[PDB]
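# Examination of the molecular architecture
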Amino acid sequence: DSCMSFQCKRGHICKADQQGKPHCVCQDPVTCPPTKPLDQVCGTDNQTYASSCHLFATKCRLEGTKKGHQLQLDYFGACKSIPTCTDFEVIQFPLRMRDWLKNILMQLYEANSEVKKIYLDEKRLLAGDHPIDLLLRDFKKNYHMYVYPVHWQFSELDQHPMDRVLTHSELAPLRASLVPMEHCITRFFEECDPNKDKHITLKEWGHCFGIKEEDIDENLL
Amino acid sequence: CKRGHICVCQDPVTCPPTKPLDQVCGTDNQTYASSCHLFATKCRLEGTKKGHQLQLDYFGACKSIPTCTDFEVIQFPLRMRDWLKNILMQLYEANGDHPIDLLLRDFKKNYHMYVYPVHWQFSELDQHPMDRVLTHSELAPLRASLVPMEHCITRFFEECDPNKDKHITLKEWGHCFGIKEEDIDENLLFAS
Ligand SMILES: *[C@@H]1O[C@H](CO)[C@@H](O[C@@H]2O[C@H](CO)[C@@H](O)[C@H](O)[C@H]2NC(C)=O)[C@H](O)[C@H]1NC(C)=O
Ligand SMILES: *[C@@H]1O[C@H](CO)[C@@H](O[C@@H]2O[C@H](CO)[C@@H](O)[C@H](O)[C@H]2NC(C)=O)[C@H](O)[C@H]1NC(C)=O
Ligand SMILES: [Ca+2]
Ligand SMILES: [Ca+2]
Ligand SMILES: [Ca+2]
Ligand SMILES: [Ca+2]
Ligand SMILES: [Ca+2]
Ligand SMILES: [Ca+2]
Ligand SMILES: [Cl-]
Ligand SMILES: [Cl-]
Ligand SMILES: [Cl-]
Ligand SMILES: [Cl-]
Ligand code: NA
């Protein structure tokens, strides 16, 4: 068997020729391992695939075409309609701060349901478009607790290739992982690429996490 | 007199003046000018279905948001959520036999990372009164805090109260967070 150790790209498998010569052919989706519900994945076509094996077998069958070239794994789970991740869903605050925020919101609710002056201005941020960002603005100025984590996330992603900008393919693992963790879809190129050139610089990334320009420093990468 | 009462109904006119940012969302998915106006409205409607149901839901105007998931409600420490994120990103970059199924099944069986926090959250909420069950008034502040913090709406009494008695026991709570019965333990709750 010449197919032993003959490597093939994902969605392809090695099959011997009528002459015994090994060839990479598309994988038949029927041969994909049986699937459990949580194996499901959502493709960039907003189609749900039973598993990653099924998606790449489909992509292979579609090699050479627009839909084939476009199809990628988008995130884990079935395709869903979900809101855009916020910055703090991407890069979280310490648990102590999340308990504090939860407690003032709960306390603010109990005072208003079936104190009010204390947290009045706080109440009116929630009717705003970015309540948590504004309430946590002072925290975001701390280097060890916020600024450095924001830089470290950029440099962790800027690897394919490392060039001080992030592209779609570099952000795709982060997008895929936040759906199960946070039930939100990142939209970095709708929100953090204001010149629409499809490359996110450190300045664009920092601004999108609300870090002042004076605190953005390429030496931390 | 109760909120919205002053016992006659409160005149909406005497409600403090309202700014746009005073708006609130009622459980009817209606936007009210402020919390005062919502309960004044509730009073004018006392005695009816629409009247009895109406409660404060969350601050701000009503919006479209999905139902909260288990991992949105349970707040993890940074170190553990960072570990979980890096594992998931590694599973993506690669693309067990069913990695995501196995990862989440094992995670939800882990006591220090998940089972105990699910029990702690029940017990933090079970205070009015402390009686080993959760009612609407105990879960309503958690719901309102999760809208701004997680952009999701909890639906505890539609999904975690299968006998429809308006009380959520520890057993119902655990099952609704995907905890096996063998791992539900009243000894993990704050002492009596
Ligand atoms: C991608 O697919 C998901 C799943 O079918 C869509 O979410 C559905 O959207 C419809 C509205 O057209 C709603 O009635 C359903 O409740 C949604 N289902 C879920 C599970 O969220 C989503 O809208 C699709 N997005 C696009 C752009 O096609
Ligand atoms: C609760 O009310 C809000 C506000 O009217 C609804 O949100 C809107 O939904 C419509 C159509 O579904 C959209 O055109 C609007 O853009 C939405 N507004 C916002 C602010 O998101 C929401 O759908 C209602 N909730 C339910 C469950 O019906
Ligand atoms: Ca790069
Ligand atoms: Ca750009
Ligand atoms: Ca109780
Ligand atoms: Ca969320
Ligand atoms: Ca019950
Ligand atoms: Ca649940
Ligand atoms: Cl190949
Ligand atoms: Cl984080
Ligand atoms: Cl923490
Ligand atoms: Cl916010
Ligand atoms: Na969480």
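Every chain here is numbered from 1 following its written sequence, a scheme that can differ from the numbering in the entry; residues without coordinates are not drawn. In the order they appear in the text, chains get letters beginning with A and ligands get numbers beginning with 1. For side-chain calculations, the full set of non-hydrogen atoms in the structure is used, while hydrogens and water are omitted. Residues with missing side-chain atoms are left out of burial classes, side-chain pairs and their counts.

For this entry, the PDB record names X-ray crystallography as the structure determination method and reports a resolution of 2.27 Å.

### Focus: the site of ligand 1
All names here are of chain A. Around ligand 1, the neighbouring residues are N46, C79, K80 and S81. Identification of polar contacts relies on pairs of N or O atoms within 3.5 Å, with a donor-acceptor requirement for protein atoms, meaning one able to donate a hydrogen and the other able to accept it, and with residues adjacent in sequence counted only if both atoms are side-chain atoms. Contact between ligand 1 and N46: an oxygen atom at 2.5 Å from a side-chain N or O atom of the residue. When the residues that make up the shell around ligand 1 are grouped by side-chain class, the tally is one nonpolar, two polar and one charged. Nearness is judged by heavy atoms alone; a residue qualifies as near a molecule or strand once a single heavy atom is within 4 Å of it. For this classification, the nonpolar set comprises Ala, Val, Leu, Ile, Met, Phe, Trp, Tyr, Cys and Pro, the charged set comprises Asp, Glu, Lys and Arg, and every other residue, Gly included, is treated as polar.

### Here we look at the site of ligand 2
Residues and elements named next belong to chain B. Within the structure, ligand 2 sits among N29, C62, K63 and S64. Contacts to ligand 2 include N29, whose side-chain N or O atom sits 2.5 Å from a nitrogen atom. Residue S64 places a main-chain N or O atom 3.2 Å away from an oxygen atom belonging to ligand 2. Here the Shrake-Rupley method, with its probe set to 1.4 Å, supplies the accessible areas, and only the displayed protein chains count as covering residues. For ligand 2, whose unbound accessible area comes to 580 Å², protein coverage reaches 28%. Grouping the amino acids of the shell around ligand 2 by side-chain chemistry returns one nonpolar, two polar and one charged.

### Overview of the nonpolar core
Across soluble globular proteins, you tend to see nonpolar side chains buried next to one another. As used here, the term nonpolar core means buried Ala, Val, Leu, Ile, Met, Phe, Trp, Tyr and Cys residues forming a set that is joined through side-chain atoms within 4.5 Å. A simple rule labels every residue: compare its accessible area, found with a 1.4 Å probe on the protein chains alone, to the largest value its type can have, and call it buried under 20%, exposed over 50%, or partly exposed in between. Formed by 51 residues in total, the largest nonpolar core has its most connected members in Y114, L139, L142, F156, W173 and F177 of chain B. Strands here mean DSSP runs of E at least two residues long; helices mean DSSP runs of H or I at least four residues long; both are numbered from the N terminus. For this core, the leading source of residues is helix α6 (residues 111-125) of chain B, giving five residues. When near neighbours in sequence (up to four residues on either side) are disregarded, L142 of chain B contacts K102 and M106 of chain A together with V73, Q121, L125 and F156 of chain B. Counting residues in hydrophobic clusters, the runner-up holds 48 residues, among them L202 and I216 of chain A together with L54 and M149 of chain B. We call two residues in contact whenever any of their non-hydrogen atoms come within 4.5 Å of each other.

### Re the state of the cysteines
Here, the word disulfide means a covalent bond between the sulfur atoms of two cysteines. Residues and elements named next belong to chain A. For this text, the term disulfide refers to a pair of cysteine sulfurs within 2.5 Å. If you walk through the whole model with that rule in mind, you get 13 disulfides over all chains. Between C42 and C79 runs a disulfide, and the two sulfur atoms are separated by 2.1 Å. Taking the sign of the S-S torsion, 100 degrees for the link of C42 and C79, the bridge is right-handed. Pair noted here: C42 is in strand β3 (residues 41-43) and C79 is in the loop between β5 (73-76) and α3 (87-90), with a separation of 37 residues, a long-range link. The buried category is assigned to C79, whose relative accessible area is 19%. Indicated for chain B is the disulfide connectivity 1-2, 3-7, 4-6, 5-8, 9-10, 11-12, based on numbering the bonded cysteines in sequence order.

### Quick look at the coordination of the calcium ion (ligand 8)
Here the calcium ion (ligand 8) is held by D70 of chain B (OD) and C176 of chain B (O), and the distances to it run 2.5 Å. Here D70 of chain B and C176 of chain B have matching classes, each one buried. Ligating atoms shown are N, O and S within 2.8 Å of the metal, or 3.2 Å for Na, K and Ca, and water is not included, meaning a site may look less than complete.

### Examining the UniProt feature "domain: EF-hand" (unreviewed entry) in chain B
UniProt's feature table lists "domain: EF-hand" (unreviewed entry) at residues 148-183 of chain B, given in the numbering used throughout. Helix makes up 39% of residues 148-183 of chain B and strand 6%, and the two end C-alpha atoms of the span are 31 Å apart. UniProt positions are given in the numbering used here, feature names are shortened, and annotations may be inferred rather than shown by experiment.

### Some thoughts on unusual backbone geometry
Of note, the amide linkage connecting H160 of chain A to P161 of chain A takes the cis form, showing an omega dihedral of 0 degrees. In this fold, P161 of chain A is placed in the loop between α7 (143-157) and β6 (165-166). Notably, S5 of chain A is not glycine yet its phi reads approximately 80 degrees, a positive angle. Examined against the element boundaries, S5 of chain A turns out to sit in the segment before β1 (12-16). The phi dihedral of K166 of chain B falls on the positive side, at around 70 degrees, and the residue is not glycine. Of note, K166 of chain B is situated in the loop between α8 (156-159) and β5 (168-169).

### A short note on the coordination of the calcium ion (ligand 5)
Residue and element names in this part refer to chain B. Each protein donor to the calcium ion (ligand 5) is listed here as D126 (OD), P129 (O), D131 (OD), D131 (OD), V133 (O), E138 (OE) and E138 (OE); together their distances run 2.4 to 3.0 Å. Donor residues binding the calcium ion (ligand 5) come from one chain and are separated in sequence as D-x2-P-x1-D-x1-V-x4-E. With a gap of twelve residues between them, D126 in the loop between α6 and β4 (133-134) and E138 in helix α7 (residues 136-150) connect regions that are remote in the sequence. Given a relative accessible area of 2%, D126 falls into the buried group.

### Quick notes on helix α8 (residues 168-182) of chain A
Residue and element names in this part refer to chain A. Taking 1.5 Å as the rise per residue, α8 with 15 residues should run 21 Å; its terminal C-alpha atoms sit 20 Å apart, in good agreement. Of all the 15 residues making up α8, twelve are buried; the element is thus mostly covered by neighbouring parts of the structure. Of all the residues in α8, the buried ones are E170, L171, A172, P173, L174, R175, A176, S177, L178, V179, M181 and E182. Positive backbone phi, approximately 60 degrees, marks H183, located one or two places after α8. Working rule for helices: expected span equals 1.5 Å times residues minus one.

### Some points on the UniProt feature "domain: EF-hand" (unreviewed entry) in chain A
UniProt's entry tags residues 180-215 of chain A with the feature "domain: EF-hand" (unreviewed entry), counted in the numbering of this structure. The distance from the first to the last C-alpha atom of residues 180-215 of chain A is 31 Å, and the span holds 39% helix and 6% strand.

### Focus on α7 of chain B
With 15 residues, α7 of chain B extends 20 Å from end C-alpha to end C-alpha; this agrees with the ideal 21 Å at 1.5 Å per step. Burial analysis of α7 of chain B places 13 of its 15 residues in the buried class, which makes it a mostly covered element.

### Some details on the packing of aromatic side chains
Planes of paired rings set the category: under 30 degrees apart is stacked, over 60 is edge-to-face and the rest tilted, where pairs are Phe, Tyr or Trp rings (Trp by its six-membered ring) whose centres lie within 6.5 Å. This model, assessed by the stated rule, comprises 16 aromatic pairs over all chains. Between the aromatic rings of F71 of chain B and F76 of chain B, the centroid separation amounts to 5.3 Å while the plane-to-plane angle is 90 degrees, which identifies the pairing as edge-to-face. On the accessibility criterion, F71 of chain B (8% relative accessible area) is buried. Here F76 of chain B falls in the buried class, since its relative accessible area comes to 8%. Aromatic pair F71 of chain B and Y114 of chain B: ring centres 6.0 Å apart, planes at 70 degrees, arrangement edge-to-face. Following the ring pairs from residue to residue traces out a cluster consisting of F88, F93, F139 and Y146 of chain A. A positively charged side chain is recorded as over a ring if its NZ (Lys) or CZ (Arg) lies within 6 Å of the ring centre. The angle to the ring normal must also be within 35 degrees. In this structure, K108 of chain B packs its charged tip against the face of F71 of chain B, placed 5.5 Å from the ring centre.

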